[PDB]
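Protein chains in written order, with my numbering: chain A, 1 to 156; chain B, 1001 to 1156; chain C, 2001 to 2156; chain D, 3001 to 3156; chain E, 4001 to 4156; chain F, 5001 to 5156. By construction, the Cβ of each residue, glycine as well, lies at the ideal position given by its N, Cα and C atoms. Just below is one structure, and these are the notes that go with it.
Number of protein chains: 6
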Amino acid sequence: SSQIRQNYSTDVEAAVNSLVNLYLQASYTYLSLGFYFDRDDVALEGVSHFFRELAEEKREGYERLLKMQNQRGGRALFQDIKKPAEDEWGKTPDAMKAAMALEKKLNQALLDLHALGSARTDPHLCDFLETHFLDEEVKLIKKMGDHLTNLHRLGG
Amino acid sequence: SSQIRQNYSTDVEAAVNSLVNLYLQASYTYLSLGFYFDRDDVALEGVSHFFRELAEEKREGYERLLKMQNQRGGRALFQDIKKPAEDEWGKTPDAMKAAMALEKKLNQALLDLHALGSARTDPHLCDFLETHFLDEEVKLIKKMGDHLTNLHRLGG
Amino acid sequence: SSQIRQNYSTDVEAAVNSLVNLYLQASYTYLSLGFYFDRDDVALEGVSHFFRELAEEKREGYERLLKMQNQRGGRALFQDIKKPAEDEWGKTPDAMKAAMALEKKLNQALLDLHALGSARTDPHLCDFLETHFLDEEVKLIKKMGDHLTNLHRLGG
Amino acid sequence: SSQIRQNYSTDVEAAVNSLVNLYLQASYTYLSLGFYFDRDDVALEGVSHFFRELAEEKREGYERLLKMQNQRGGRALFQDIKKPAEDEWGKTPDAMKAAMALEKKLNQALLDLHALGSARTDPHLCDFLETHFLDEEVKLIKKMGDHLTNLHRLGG
Amino acid sequence: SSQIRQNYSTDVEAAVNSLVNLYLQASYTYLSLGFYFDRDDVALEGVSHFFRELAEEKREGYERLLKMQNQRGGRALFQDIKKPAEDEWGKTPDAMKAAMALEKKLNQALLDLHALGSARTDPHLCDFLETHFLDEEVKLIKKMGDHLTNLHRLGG
Amino acid sequence: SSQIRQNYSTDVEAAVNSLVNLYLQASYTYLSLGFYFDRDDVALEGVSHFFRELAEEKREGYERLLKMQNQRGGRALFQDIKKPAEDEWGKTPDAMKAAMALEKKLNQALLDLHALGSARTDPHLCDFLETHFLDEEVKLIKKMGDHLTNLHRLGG
């Protein structure tokens, strides 16, 4: 066991590795969404930019998780990253709907990880998630909801 | 149910609405305290200012609660705001005692809301309350306690 | 009677207290309108901002009335603040129509208060209302009228 | 009971006093480590500085605990501070090993105090520890681990 | 076929997609190398930083390829990203050797892609690779070679 | 014996260690006085600050003694630090009286240490005490005397 490890569940270490994979997958999805909207037959630079910036934010997420893993004396273990669910993402609203479903999945994974830490009485992990993840997710999901509402109003 | 709503108890949504009413009521009490001290036959501008600034801080509180309500996909529901408990607030120490009793009530309402979220396993709500409310209340109550101690020393 | 009181009708003092309640109620209505438009299923930040800024302006109104009440040696008396007339405010035009009806009510209350002061030969009160209220109301109502006209043009 | 005290367990108050003693003891240990490395027959200014700065950080810790104790209406109670465990601390790696054992002790005391507050449903205390202590400890322990690894590489 | 597509081989489009996968895989390898060196029992921040910066440079690579794909009217197609070849990367020289083998693989893939474009008489593709890739690879490989030489001298 | 040691009595070395303990004890007393005055039922921030600043000055004292000990080739030896004489310090004048008694004790210890060095013909030690301690003590004691005189005038 690492010389620094203290109050860090092997279950949490593993769940952190799984969550890093989920974030790697999410960044990948946003990379695909971003370049789809840069297509000449789609051509929405603002939408492309929105998704490309999200790819970066998800990368920031998995980098923070990996840093924390090392801070706690856990050990990063990487798996294959699944390709995104679609090759073509439809119209802006279809894409935005896909994005909020992805964020809801990530948020559930965060909530599950928090519940796991709570069960293992790990307040460092709790504080980490609250500080860097939970509210970021709530804010983002609210933003996507607002977008979907406004996109729906277009044509009316 | 809102398209964004996730892990947000209807009980918490309702308790948030009730707490917004309690803050609306508290801001109202401080408005009354502030103008009482601006009376020509009371005439304590520093005390008036103290209470007027608290009215603003309680407004900031209920605005933050309402913002959070919307962020979570809950729905603001407003009720009548009860008038303050007194029309005339006595001497500075009587007023300050009324103020710390009000803050203790608010703090208990916060603690109760936190316990409710804990019971509903809502770490976003926990983080929100800890970040924006709990310590603010502790600091304020400490400040009021110190004031009461110093007011009591006057005449001695 | 206050040591400073001079040419200040008890009828005016009471009407000022009633008008403070009407402004408290109006600020409350604008708070509700503002957060309604911040809903994820409404999502119009510019409209939300418009109404939130009006809530602030109505607060400025009742604070000015209360200051004047004390300046004249009158005595603030607070009553319960009625909740807003709706929990949900419809589309932007429905909301704006509600807002101009509210402003017309306030303006009538101002005009009535002015007539009361005129009857009681209170030129200080007249000057106060003219300086801080009457033209503000006319300008605002004109702005709302212009908005309603432009909103009606949308879809055409 | 203090006029400000609310939701503050006598058990927590006592545990806070005990933790202040543990921090006083830890600052003392770092004072001794710092001056040991300033000896002419040891003469490692960078190591001396490292430990002297830790003495300061532990002082900051117990000052923050004492401030919080007063903020909550608890009452500071001081006991004798035990002298450090060694008069002479060996080579840099021996010293660093002593330091990480000390930090692990402090971290366990923090975790125990957090568990106690959780049991007493004290979210203010939770937030205080998370904000000012837990992550500071994790970061420091990680830093010490890294040092031990690098010191071990010297001679190779 | 895209409205913009001109002189762009379907073979090149496919080879570009394959090369994007190879770069995604290479960035992933560098992410793993970077966090390995941030381990408390490895603890070489300069090496960690070196590899983390390479992860970024490989991301820049695949982003440039994807941009070019769209510029030419080709269509991004994403596949699963294979996990890195090792979970633990040994000592600095083992890691650096792994890195230069990776860069040699990438460089061969670039050279192969260039040969393919040459065969398809695609001078835009040639210029793109020469401008953004070939010399970058040569410089990097030279840097890694120099590192390996210097690492080998350590202990001597 | 240290390679640097010259004209440094073992008696002086020991007396320096004892004086470091006396300063550690004095800083501890001032820490307790400082937090006592920060109590909500005492609440004198200026008095609290006065004593907290003295805690710092006594720390500066024992750090200077320890530095000098090492400069001379003596060896720091630490003992348990006795807790302060009171848990509660009364009114400001009681506290200030306690403080001047403490300073008089420290000053006597300094004077005794100076006499010891004089007996051992140690002019370096003499200069050290004169430069960093003696006049500081005289100035501080004068300041405390002035305070006691002024506190006594309050109520009159």
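The residues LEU2113 and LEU2116, in chain order, have a CB closer than 7 Å to that of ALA2015 (chain C) in the same chain once the five nearest residues on each side in sequence are set aside. Of all residues in the stretch 4057–4073 of chain E, only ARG4059, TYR4062, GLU4063, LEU4066, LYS4067, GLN4069, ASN4070, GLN4071 and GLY4073 place a beta-carbon less than 9 Å from a beta-carbon of chain A. Interface flag for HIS1114 (chain B) against chain D is set, since a Cβ pair is found closer than 8 Å.
Within the same chain, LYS1058, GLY1061 and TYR1062 come within 6 Å of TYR1023 (chain B) by CB-CB distance, once the 5 residues on both sides are set aside. When secondary structure is reduced to three states using DSSP, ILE2141 (chain C) falls in the helix class. Restricting attention to alpha helix (DSSP H) runs no shorter than 4 residues, the stretch 1066–1141 of chain B encloses them at 1092–1119 and 1123–1129, ordered along the chain. Here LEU3140 (chain D) is not near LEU3065 (chain D), since their CB atoms are 8 Å or more apart.
For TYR1008 (chain B), there is no enclosing alpha helix (DSSP H), as DSSP gives it neither H nor E.
Sixteen is the threshold: when 16 or more other Cβ atoms of the shown chains lie within 10 Å of the Cβ of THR29 (chain A), as they do, the residue is buried. Cβ atoms of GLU103 (chain A) and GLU137 (chain A) come within 8 Å of each other, at about 6 Å.
The three-state reading of DSSP puts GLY2034 (chain C) in helix, counting H, G and I together. Spanning the alpha carbons of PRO5093 (chain F) and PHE5037 (chain F) requires a straight line of approximately 12 Å. At least one CB atom of chain D sits nearer than 8 Å to the CB of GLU1130 (chain B). For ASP5135 (chain F) and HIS5049 (chain F), the gap between their C-alpha atoms comes out near 22 Å. Below the 9 Å Cβ cutoff, chain D contributes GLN3071, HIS3124, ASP3127, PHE3128 and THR3131 as neighbours of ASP1135 (chain B), in chain order.
Within chain D, the residues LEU3111 have their CB atoms less than 7 Å from the CB of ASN7 (chain A), given in chain order. For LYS5082 (chain F), the chain D residues whose Cβ falls inside 8 Å of its Cβ are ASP3080, in order along the chain.
As the crow flies, the alpha-carbon of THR2121 (chain C) is around 28 Å from that of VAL1042 (chain B). When the Cα atoms are used, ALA3099 (chain D) and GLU5053 (chain F) turn out to be separated by approximately 28 Å. When the five nearest sequence neighbours on each side are left out, the beta carbons in the same chain lying within less than 7 Å of the beta carbon of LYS82 (chain A) are those of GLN25, in order along the chain. The straight-line gap separating the alpha-carbon atoms of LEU1106 (chain B) and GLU88 (chain A) is approximately 52 Å. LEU4151 (chain E) sits in a helix when the DSSP states are folded into three classes. Rounded to the nearest whole angstrom, the CA to CA distance from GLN2069 (chain C) to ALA2076 (chain C) is 7 Å. If you check the CB distance, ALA119 (chain A) and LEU33 (chain A) do not come in under 8 Å. A Cβ-Cβ separation of about 11 Å leaves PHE2128 (chain C) out of contact with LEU2110 (chain C) under the 8 Å criterion.
In terms of beta-carbon proximity, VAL4047 (chain E) stays away from the interface with chain D, with every pair separated by 8 Å or more. Taking 8 Å as the cut-off, the Cβ atoms of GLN3003 (chain D) and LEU1148 (chain B) count as close. Rounded to whole angstroms, the gap between the alpha carbons of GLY4155 (chain E) and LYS4143 (chain E) is 21 Å. At least one CB atom of chain C sits nearer than 8 Å to the CB of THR149 (chain A).
When secondary structure is reduced to three states using DSSP, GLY2046 (chain C) falls in the helix class. When the alpha-carbon of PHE78 (chain A) is set against those of E:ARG4072, E:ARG4005, E:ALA4085 and E:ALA4101, the nearest one is in E:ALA4085. Interface annotation for the stretch 4029–4045 of chain E against chain A: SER4032, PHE4035, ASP4038, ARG4039, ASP4040 and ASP4041, criterion Cβ-Cβ distance under 7 Å. Shown here for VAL2012 (chain C): same chain residues with a beta carbon closer than 7 Å to its own, the five before and five after excluded, namely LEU2116, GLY2117, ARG2120, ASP2122 and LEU2125 in chain order. Take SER3027 (chain D), set aside five residues on each side of it, and the residues of its chain with a beta-carbon closer than 6 Å to its own are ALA3055, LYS3058 and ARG3059, in chain order.
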